[PDB]
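> this one is an experimental structure. Sequence first:
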Amino acid sequence: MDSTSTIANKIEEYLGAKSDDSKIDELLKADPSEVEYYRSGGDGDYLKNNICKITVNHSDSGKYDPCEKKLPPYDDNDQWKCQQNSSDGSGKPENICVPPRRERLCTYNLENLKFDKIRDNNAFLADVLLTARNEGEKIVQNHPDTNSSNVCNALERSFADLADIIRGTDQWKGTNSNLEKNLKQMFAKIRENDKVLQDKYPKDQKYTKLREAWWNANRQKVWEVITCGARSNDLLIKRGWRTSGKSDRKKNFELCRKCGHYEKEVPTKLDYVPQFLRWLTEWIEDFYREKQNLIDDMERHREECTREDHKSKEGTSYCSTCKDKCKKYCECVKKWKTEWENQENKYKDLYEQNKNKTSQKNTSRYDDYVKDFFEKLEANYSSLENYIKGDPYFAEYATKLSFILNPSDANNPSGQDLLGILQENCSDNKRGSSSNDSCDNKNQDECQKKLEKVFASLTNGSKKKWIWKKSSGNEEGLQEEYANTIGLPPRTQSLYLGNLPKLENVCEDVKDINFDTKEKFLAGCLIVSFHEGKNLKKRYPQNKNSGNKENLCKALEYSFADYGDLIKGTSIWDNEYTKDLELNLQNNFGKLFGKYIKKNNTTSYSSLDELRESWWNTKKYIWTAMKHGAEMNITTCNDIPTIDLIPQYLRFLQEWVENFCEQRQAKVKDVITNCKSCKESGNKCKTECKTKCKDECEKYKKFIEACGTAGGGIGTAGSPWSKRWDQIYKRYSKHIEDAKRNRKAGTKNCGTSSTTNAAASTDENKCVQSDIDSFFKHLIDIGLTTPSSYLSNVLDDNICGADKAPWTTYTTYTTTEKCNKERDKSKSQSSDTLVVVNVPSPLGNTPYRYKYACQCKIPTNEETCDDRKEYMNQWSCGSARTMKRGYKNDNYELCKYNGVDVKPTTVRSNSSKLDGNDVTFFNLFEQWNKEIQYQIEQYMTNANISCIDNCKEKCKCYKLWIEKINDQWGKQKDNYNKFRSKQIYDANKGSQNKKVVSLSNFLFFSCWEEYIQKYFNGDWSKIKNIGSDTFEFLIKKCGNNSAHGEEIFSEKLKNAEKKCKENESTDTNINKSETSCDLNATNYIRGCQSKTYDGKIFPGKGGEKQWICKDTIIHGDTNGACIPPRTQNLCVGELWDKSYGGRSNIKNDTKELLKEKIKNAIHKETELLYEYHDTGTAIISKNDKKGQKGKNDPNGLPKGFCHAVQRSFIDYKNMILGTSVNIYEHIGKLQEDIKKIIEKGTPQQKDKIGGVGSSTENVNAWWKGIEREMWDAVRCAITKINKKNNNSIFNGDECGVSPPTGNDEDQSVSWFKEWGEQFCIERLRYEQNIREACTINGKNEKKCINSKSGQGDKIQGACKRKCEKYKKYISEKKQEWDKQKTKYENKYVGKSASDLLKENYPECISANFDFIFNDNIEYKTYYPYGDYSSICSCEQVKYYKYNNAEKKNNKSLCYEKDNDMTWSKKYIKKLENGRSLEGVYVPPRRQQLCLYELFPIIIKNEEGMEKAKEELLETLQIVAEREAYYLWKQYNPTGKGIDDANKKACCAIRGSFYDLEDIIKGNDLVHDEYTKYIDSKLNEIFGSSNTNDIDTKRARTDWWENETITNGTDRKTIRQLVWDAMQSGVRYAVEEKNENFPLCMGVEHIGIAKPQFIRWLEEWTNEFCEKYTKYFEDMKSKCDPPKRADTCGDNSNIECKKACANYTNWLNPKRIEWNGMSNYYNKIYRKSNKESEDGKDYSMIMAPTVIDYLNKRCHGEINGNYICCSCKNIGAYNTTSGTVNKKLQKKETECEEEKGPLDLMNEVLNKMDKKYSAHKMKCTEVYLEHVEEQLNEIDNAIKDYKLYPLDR
């Protein structure tokens, strides 16, 4: 044993392992993890995520694969002249017989491997990976053999060839020789530069000895790369003996006889032998195997005798015809056999030179490694291990040699084809099943025959725990891809066939091979099926069933499907018998049915797997045998179950969930029976338990939370239900992701944003491909994206338990970790280790609704609100969300926020200033002020809308937190009272700071600062305090001057009303007396006989009035809105008159006279409006262009009198009161005559009291309550007018009992609304005219509006007459509208003109005011006719490529992207099925996204479908190009950083691309003025609206994704076209800047789009991190004390003020935004389409908390692709992992891990982290000084705004 050598077979693994001698191989192994492989489109992260999916995109695309030899395919085959010749030197026609041994490798097209920049191991191994992947694909996919036990040997041969190429030992080398010397020299020169990292001290550099170490170091990587493409049925290592072998060794892992693909270690140790000798197997073994196959396979028996009938052809005639007509002309083809059997023996005939050591006629290259065979094989003993004798397979072809004699006998005797198609419908659910399913195949060739119903025959001859364990490494388990994922059922591991190592052991009576024919094989399979049925009959009945068969039928179905998967080879689980039964099955199915395997290159069978799948699809006989086997039979309960087509993982999931549900029902029945209070769970709180019902709840909790042994039921393995469910969810989401990223599937209808696919393969209409990926793809688009939804769909109903606990919902609780093992000792590891929050679907520790019904007592009204989560909890210790800690004393009541611990440490403080706890109180209080103001504003408007639809949740979850927030405001004001009391010392010292300024004053500052921050771009712009005329609203919102901020909360809490109430209500009273109005003879009114302001009534036209805009001489400056023509022609009655200048007819009378005058005036004007709208003479009344007869409103009576009478009432009201802009007849005299002449001395008496003083402020406040006396008259008139025209049969009503609405207080807004409605109606009429003009002059001859060139197809009068009037109308209306929108926005603030107009009138939905009245000269140039330019300007919009006379500058353009916009929650979609309140925020980049080009085409293509798609595609491409160009212009030149700017710009462009894709697919979360109409019209176009909404969305998604456009350049989908357009825009920007094209954005493949909310969240996180870093660095550079003192330093205490103010102002709204984002995430994560709040799925989100998800995403460094966010030292301190290691004290490190200090996200927003705690005091005091100064400024500003009473 002392003569051990180093040959590395089985014993040199631990003794001879000298590879890892020094720390060099660890860095020598190649890890291709560098981002952006060249500029062709490679990426490191894609390769790291999966090594098996490497493509040619890692270098120049489409032009790399070995052996660039240009042999053209379809003219010749096997024609080469390369090697040598002697007589025909011109070429090499035929001088050597090259075998097809290596010529069949992936060696055909485009080995253009010459490019440079390959410098390191990352770039070095890329070509090796490409070669390995390509050779594996070529050797596996199209393999002419019958898929026998030779694919492993073929892959081994390919790997040996690759190893020889790398080592250079290969002898037959072609064009790769130039690289081989290049690798030996260039890659030597580029790898020897790092002399520090390598120990090449011996001369010279040890090139070979270092490259061999490099290859040994990366031995594994190339192994899994080359084996990536192989199928799981490889079954490597030829030794197939059952659980043993001729070379018995120790137990290491499950190498028997599989698990090499996932082994992560080399299985083939035969490559470590000296490779010089290793190369003999290439010559001999391949010929041996091929000849052994040739001699035996084509034996076609003697069935071609042509006895029954004469046959012209026999299929194979080898001896019957040819050898009878002649002797050997057709059979004597074996001549290559003294190199095989007559050319064989040129291998081992070198024994002539005996005893042969030193070779003198060879080369000297250190041949000591090959000197072994000098004596080892010639004249030495051959007594060694079994690797030479016994282990190799040398006699397996019926060998009967008698080379040895053994007289002793002490051993006992041993003891062309059809291919049908089917569309059987799977029903994997019990609900309505709104969709269907399908399958394929069926053979009708591989079967029994006929004459079914064969029965009888008999007498042919305890793992009961779920193996949820790692992969089968020793005896049992699952597959490597399925390890610890789903768990193996006991029935599945105890099924009969899985226990049989070979199929030939089916029958005990016969003990030899019996499967030689198809029927013979099927007979054994049927025997196995019958045995399984009998075994299940023995097992299940009759203990778990009450005489029925549902359990028995379920077990038979599951076992039937498991047999199907096992015989198909798609089994996901393994035992000791499996992987040998599979090998025997494959050997049988290769020996039998081998002829049908012909379709290797294109009915026949493509491969062996499809053949086996087809055989199994011939399953009715097997199912009938299984069914008849046990007791099911016939005449007791009588089709084929569809359970088998469902994937085995899903079947295992359903079985495990059914087991868990049965156990849960057993454990919850007692809980339901007992936990009732007296007879129901909710009743009496006292003695809720009858005696001790808590024991049942304790049992349930123990069952749920056990570790599999402390009370838990059968199932799992030492792990909780929660852990097992999490593993299941992870595996299921991985399957969903793989299906979505798959390329091949059947016919489906994609309708999800997170989907991409090019081709869908199927042969039948509306059929899925029946594969696992296709089945998961079909699972997608009907929901079912999560296990919760899938199980909710497939489960029966009440099997989950007596309590209805649907799997869709999620219930959260808190629990202690398993008590068997304590993490890192006990009593000091952490607090959360004992308390961890869990959130599964109804796996909670309580039976769903009995969270509070259990453990006695009933849920209080306070905690029911928390359960409903309608009003979330934010603060803890005395709050807007319940609970309080006190105490009523001096110090100190603080409103602590949830989840963050308040730190009262006063060590941060200094002397003579505020205390640390007071500063923390101030910060907490200002945050509380902001958040509570926001929440009151949000929740004050909801009211839940009733009815429809205690009285809802306004008694609970409302009117409770109102009182409790009143209490919280009282607490906060009491605490601030103590805070302000600190002026006993500092008030005189710092007069006048008040130490500090009072609470009401601070609230005033807070609201003013809130206004300034939004409307003046930051609080730092408070110097620009000129608010123009927005003060009135602002002083209304903030109170007149200071010392009234307390009143702000007083009002904001006293207005918590207007609902509940309710009460009953008081409705309904009666109308107001009295009708009368029968005196139609109202005399004549000199004012107006007819309001002919919109022309005259037919007959006769003319006299149209015009909108009196501002700057009119009669109204002075007129800063208000325009005067309506109806108001201009208003029927004043007998009050005002003309012909005498200003005449007041009613001058000496009282108001008693004018009620009759106003009454008959409104009567006549209303009766005219009833006639002014029947004839359509009013602009508001007239709709479309036919008139009011052909086109009429639906509401029973002409549209435009209810609004007209409302406007008349409003303008009469302001006529009495005094309008903002007096109209025409100087209304005021009425406003100073019955308090002067007709407003004169009424009702206040003229008798003065006191005297001159206190006499001029008691008279001017009376006329506000006298205006109500006219609405009754209006009601009487409007009811009376409709009731004379009884000529047609109808009653007098506008649209039924519907009355005119109220809220008639607003007047200028009413005028604006009237103007907007009239403008929209006129625009619709003009649009109809333009469409008519575009349809006319265009006939069947395809004429185009009579256009000639000219300068293209321009209009010259056909539709120009119709469109120029529209153009001038838009011009004048823009003139009127830019002067009204500004006034309305300044008056109301926060309400845009469009968001006011659109909802009040349906006709405004088609108008985008921003685009129509865009203020841009480029807009005027490119859109001469406004939004209808595309209809009129018919130039056939056409997106031009990057080159060949591009037209971008001459094309339509927009403005540059804004850089400092704020996140806004406006324009969020209003989801149907209300109370779906989204808390999301639109990114600035998305809300500034330019899509203005779409809108004209969107308007144009309303009619004329099948033409919209081309125009839409073109405009989308040009928009994407311009968007990429402007985003690059916004990002890249702002700092010329080569990497940061480029990567940030590319990430932003990818985000914009994904947002555009979501807009197209309809998954966008924003409905602004643009995208709302874009989505509406896209829905109208796609599907033509004749389908449903889901169908429309699916059509849109399919159109975006599939290859829809037919182009002459390959088959590029619309998504690819848009990405290419964005790339072209980036190229334009780069060329303009004269830079280099970015390394990223060169990717042709764009990844799967994450959900829009998640992308927005990641963008928000990245922006927040960058802004936080910038602002904190500014603060640390400025607010930190100077190095040369402060008083005498370079600072003036001003730049620190600026930095602190900027930081606080930026951080204040970010907390609210993050709170909203987290609130939405906590309700959206881990949800599918059917359960998420929105329709889109979120199954890819696997993270309990948003912070954890961000840590999983933001931990790394941004690269430009996929990774779009990063965090550096945010929050905590400038140090990342790692500082302290837990290994040195107690294993292991359990964080785990922090992954960047992003967990401080919640704490930093409360200004509580250490980084801000360093500068909190100075920032706070500076903020307070700023507060005082700006109150001074604002008060002075208001006093100056008073202005008027000073001088003239």
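Here it is on my side, so go on. Residues are numbered from 1 along each chain as shown.
> residues touching residue 1207, list them.
Counting by C-beta atoms under 8 Å, 6 or more residues apart in numbering, residue 1207 touches 1124, 1126, 1127, 1310, 1311, 1314. For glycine as for every other residue, the C-beta is placed from the backbone atoms N, C-alpha and C.
> pretty sure it belongs to a strand, no?
No: looking at residue 1207 with DSSP: H, G, I helix; E, B strand; the rest coil, it is helix, so not inside a strand.
> residue 690 versus that one, what's the distance?
Using C-beta to C-beta, to the nearest Å, we find residue 1207 at a distance of 70 Å from residue 690.
> equivalent analysis for residue 1316, please.
68 Å.
> what of residue 1542?
Distance from residue 1542 to residue 690, by C-beta to C-beta: 72 Å.
> more crowded one of these two?
Between residue 1542 and residue 690, residue 1542 has the larger neighbour count (other C-beta atoms under 10 Å), namely 24 against 12.
> I'd say that one and residue 1638 touch.
Yes: counting by C-beta atoms under 8 Å, residue 1638 is a contact partner of residue 1542 at 4.5 Å.
> where do the contact lists of those two overlap?
residue 1760.
> quick one, strands of the stretch 1101-1250 of the chain?
Taking DSSP state E, counting those that start in this stretch as the criterion, the stretch 1101-1250 of the chain carries its strands at 1136-1137, 1143-1144.
> most tightly surrounded among those?
Sort these by mean neighbour count, taking mean count of other C-beta atoms under 10 Å, and strand 1136-1137 sits at the top with a mean of 20.
> for it, packing partners?
strand 1143-1144 (3 or more C-beta pairs under 8 Å, 6 or more residues apart in numbering; DSSP states H and E).
> for the stretch 651-800 of the chain, what spans make up the helices?
Secondary structure of the stretch 651-800 of the chain, counting by DSSP state H, counting those that start in this stretch: helices at 694-705, 721-741, 772-779, 787-794.
> of all these, which one comes closest to residue 374?
Nearest to residue 374 among the helices of the stretch 651-800 of the chain is helix 721-741; the distance by C-beta to C-beta comes to 55.3 Å.
> give me the contacts around the closest one.
468, 482, 484-487, 649, 653, 660, 704, 712, 715-716, 745, 754-756, 772-774, 776-777, 779-780, 785-787, 790, 838, 840-841, 843, 1648, 1726, 1739-1740, 1742.
> what helix or strand is the residue lying closest to residue 166 once chain neighbours are set aside located in?
Nearest non-adjacent residue to residue 166, counting by C-beta to C-beta, 6 or more residues apart in numbering: residue 215, 5.8 Å away. Residue 215 is located in helix 207-217, with elements delineated by DSSP states H and E.
> quick one, the helix or strand just after that helix and helix 207-217 angle?
Later in the chain than helix 207-217, the nearest helix or strand by DSSP H and E is helix 219-226. Relative orientation of helix 219-226 and helix 207-217, computed by axes from the mean of the first three to the mean of the last three C-alpha atoms, to 10 degrees: 60 degrees.
> what's helix 219-226 packed up against?
helix 121-140, helix 151-167.
> export those to TSV and tack on distance to residue 958 and mean neighbour count?
Output for those, formatted as TSV (distance: least, C-beta to C-beta, whole Å; neighbours: other C-beta atoms under 10 Å):
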stretch	distance to residue 958	mean neighbour count
helix 121-140	61	20
helix 151-167	69	19
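> what's the closest of these to residue 1020?
Smallest distance to residue 1020 across the helices and strands packed on helix 219-226 (C-beta to C-beta): 47.2 Å, for helix 121-140.
> so which elements touch the closest one?
helix 151-167, helix 219-226.
> now render those helices as CSV, adding distance to residue 1352.
Shown next, in CSV, are the helices and strands packed on helix 121-140 (distance: least, C-beta to C-beta, whole Å):
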stretch, distance to residue 1352
helix 151-167, 61
helix 219-226, 56
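> returning to what we had before: list of residues touching the helix holding residue 215?
Outside helix 207-217, the residues touching it (C-beta under 8 Å, 6+ apart) are 19, 24-26, 28-30, 121, 163, 166-167, 184, 188, 198, 200.
> same thing but 7 Å
19, 24, 25, 28, 29, 166, 188, 200 (C-beta atoms under 7 Å, 6 or more residues apart in numbering).
> and those residues, which are buried?
Listed as buried from those are 24, 25, 28, 29, 166; burial here means 16 or more other C-beta atoms under 10 Å.
> now intersect those with the helices, please.
25, 28, 166 (DSSP state H).
> can I get those residues in a markdown table with distance to residue 220?
Shown next, in a markdown table, are these (distance: C-beta to C-beta, whole Å):
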| residue | distance to residue 220 |
| --- | --- |
| 25 | 12 |
| 28 | 13 |
| 166 | 15 |
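> tell me which of these is nearest to residue 356?
residue 166 (31.1 Å).
> which is the next helix or strand following the host helix or strand of residue 1701?
Counting by DSSP H and E, the element that carries residue 1701 is helix 1695-1724. Per DSSP H and E, the first helix or strand lying C-terminal to helix 1695-1724 is helix 1746-1754.
> run a quick neighbour tally on the closest residue to residue 652 other than its chain neighbours.
Nearest non-adjacent residue to residue 652, counting by C-beta to C-beta, 6+ apart: residue 486, 4.6 Å away. Residue 486 has 25 neighbouring residues, counting by other C-beta under 10 Å.
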